[PDB]
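# Chains, contacts and geometry: an overview
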Amino acid sequence: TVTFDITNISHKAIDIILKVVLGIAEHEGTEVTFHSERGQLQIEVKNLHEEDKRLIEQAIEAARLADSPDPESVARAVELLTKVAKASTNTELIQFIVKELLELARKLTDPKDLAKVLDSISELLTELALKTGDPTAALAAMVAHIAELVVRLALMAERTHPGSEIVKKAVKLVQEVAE
Amino acid sequence: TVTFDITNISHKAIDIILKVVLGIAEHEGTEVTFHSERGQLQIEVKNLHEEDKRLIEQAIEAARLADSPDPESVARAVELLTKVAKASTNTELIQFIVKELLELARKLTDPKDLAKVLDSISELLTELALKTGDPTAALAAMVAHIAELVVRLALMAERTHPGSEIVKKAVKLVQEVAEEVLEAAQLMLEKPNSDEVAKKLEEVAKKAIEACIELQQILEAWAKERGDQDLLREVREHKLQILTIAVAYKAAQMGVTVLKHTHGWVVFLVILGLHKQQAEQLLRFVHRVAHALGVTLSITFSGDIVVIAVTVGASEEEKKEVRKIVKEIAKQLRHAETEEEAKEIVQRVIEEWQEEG
């Protein structure tokens, strides 16, 4: 029987975890159980797939990495949380992870952070676009390409700038484009 | 024949009197006839039952009450007007009675007697729902009962202080709930079974639940200085009841079938007929309430069924032994075909609880 011993989990993280595990439970939830004590959390599942077990493990870590003020923790969150979106089959769960990522992206700071942020967004737009089929799909593919050059440019800016202030106008424009 | 007056009663009260007197005739037509002049009134009818008279006579008492500002008189008046609203099928006088109910509450309020006002509202909600088939409006009696329990908390607060801003917080929060549900009653009578009512019934409840969390935590913050184990038991047993009533209410709004049992140390909550969106709501809501209350929760999901159990104030050994039995309970329901079988299985877990607990 699979189980996930958990520590220091937050409200958003419970929300995510409980959402994604119920997201698994409507596919193969033959029997599942979850618990809360000290307001913290526990779970058991009857032997789902290793990649789903890792999806839960990842979602736990990524969700808590989003509560930290540290730009590297935010970066790890912004990538790993997009990997949660990469694993989803439910469009509402994509919206849910998207708005979490949108709030988290609104925290972005400086070029090294920004590159991975917009890169993560660009993957997510791609993963939305490539299967959409409905009339916005063709637009969305090119939109993902349109985000891509901005990443390449933010990276070249990051590589080149000696820390002079002029980068601030650029990252603000990129932040607006990103959000 | 019966003849009536209220000796020079103020003209405003006659607005009630005239409506209720006209309210007697509606089914019978040409054989029923009545008269008035100058605040004196008469009905020429032999066939009418005593209770048909008691609509007018209790309204006469309700008019006598209405001409004085007093919480006891308000409680009686709302009660008597509720007896009128229970006893008679004309909705128009109920609509006006809800306006008077609002007027009385907005002209005066003190918490102790709001219990009967909220009880009266609860019966009105129950009656209106029973007269319209709306399950939310019937279930809203649970929230009205939380509010009545919260008035028991406001009365219980006299154990703590000779009146204080805690009671001020309490009456304001209860007052909001009163005006909100009273407007929900007004809305239901103008737009019965509408989406606007349904969304008002989604909207209101949270403040009651939160206020009950807040006021129980304030009584707990007094109880920890008293140190009396029977009062700490009152904290445990009210806490779990408030959890129970709230989660019963919220779940039942979704149209699922829910079953509730309680044993002072533990609660068993069983749900049948679920859909994914309801599960994702319910399990999250249960956590959102439980975390605010500071209570232990355990849940299982499988198929059309969700099974739930709780523990307030638990020892590390107590929660563990509970976890054994409630995991047994978490197995017991799994194969149930219908809610009568869920009854039979849950009776077998209650009899198993009579073997050990």
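Residues numbered from 1 in each chain as written, not as in the entry; some residues may be left out. Chains lettered and ligands numbered in written order. Part of a larger assembly, values for the part shown. Heavy atoms only, no water. Residues with missing side-chain atoms left out of burial classes, pairs and counts.

Looking at the PDB entry, one finds chain B named de novo protein sr322, with synthetic construct as its source organism. Per the PDB header, the entry is named "CryoEM Structure of Allosterically Switchable De Novo Protein sr322, In Closed State without Effector Peptide, off Target Multimeric State".

As recorded by the PDB entry, chain A carries the name de novo protein sr322 and is attributed to synthetic construct.

## Here we look at the packing of helix 3 (residues 71-87) of chain B against helix 5 (residues 111-130) of chain B
All names here are of chain B. Note the threshold: Every angle, taken between N-to-C directions, lies between 0 and 180 degrees, and every axis is a line fitted to C-alpha atoms, over only the stretch in contact when it is a helix. Secondary structure follows DSSP: runs of H or I at least 4 residues long count as helices, runs of E at least 2 residues long count as strands, and numbering of each begins at the N terminus. Roughly parallel refers to an angle under 35 degrees, roughly antiparallel to one over 145, roughly perpendicular to one between 65 and 115, and oblique to any angle outside these ranges. The handedness criterion is simple: a crossing whose near helix is rotated anticlockwise from the far helix by less than a right angle is left-handed, and one whose near helix is rotated clockwise is right-handed. In what follows, a contact means two residues having at least one pair of non-hydrogen atoms within 4.5 Å. Charged residues are taken to be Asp, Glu, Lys and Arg, nonpolar residues to be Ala, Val, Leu, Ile, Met, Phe, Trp, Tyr, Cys and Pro, and polar residues to be all remaining types, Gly included.
The N-to-C vectors of helix 3 and helix 5 enclose an angle of 15°; their axes lie 9 Å apart at closest approach. Classed by the angle they form, the pair helix 3 and helix 5 counts as roughly parallel. Both helix 3 and helix 5 take part in a crossing whose hand is left-handed. Two secondary-structure elements touch here, helix 3 through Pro71, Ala75, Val78 and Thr82 and helix 5 through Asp113, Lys116 and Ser120. Split into classes, the residues belonging to the contact of helix 3 with helix 5 amount to three nonpolar, two polar and two charged.

## Some details on the packing of helix 5 (residues 111-129) of chain A against helix 6 (residues 137-160) of chain A
All names here are of chain A. Between helix 5 and helix 6, the least distance of the axes is 9 Å, while the angle of their chain directions is 165°. By the angle between their axes, helix 5 is roughly antiparallel relative to helix 6. As helix 5 runs across helix 6, the sense of the crossing is left-handed. On the side of helix 5, the interface is formed by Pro111, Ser122, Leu125, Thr126 and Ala129, while helix 6 contributes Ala137, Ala140, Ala141, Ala144, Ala147 and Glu158. Broken down by class, the residue content of the contact of helix 5 with helix 6 amounts to eight nonpolar, two polar and one charged.

## Considerations on helix 9 (residues 206-226) of chain B
Using the following cut-off: Expected helix span is taken as 1.5 Å per residue step, with the number of steps being one fewer than the number of residues.
Look at helix 9 of chain B: 30 Å from first C-alpha to last across 21 residues, which is about the 30 Å you get at 1.5 Å a residue. Following helix 9 of chain B by one or two positions, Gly227(B) has its phi on the positive side, about 70°.

## Considering the interface of chain B and chain A
Formally: For two strands to be treated as a pair, DSSP must find at least two bridges joining them.
Each partner contributes to the interface: chain B provides eight residues, whereas chain A provides eight residues. Pairing between strand 2 (residues 32-37) of chain A and strand 6 (residues 296-302) of chain B: five bridges, direction antiparallel. Paired with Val32(A) across the strands is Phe301(B), a residue of strand 6 of chain B.

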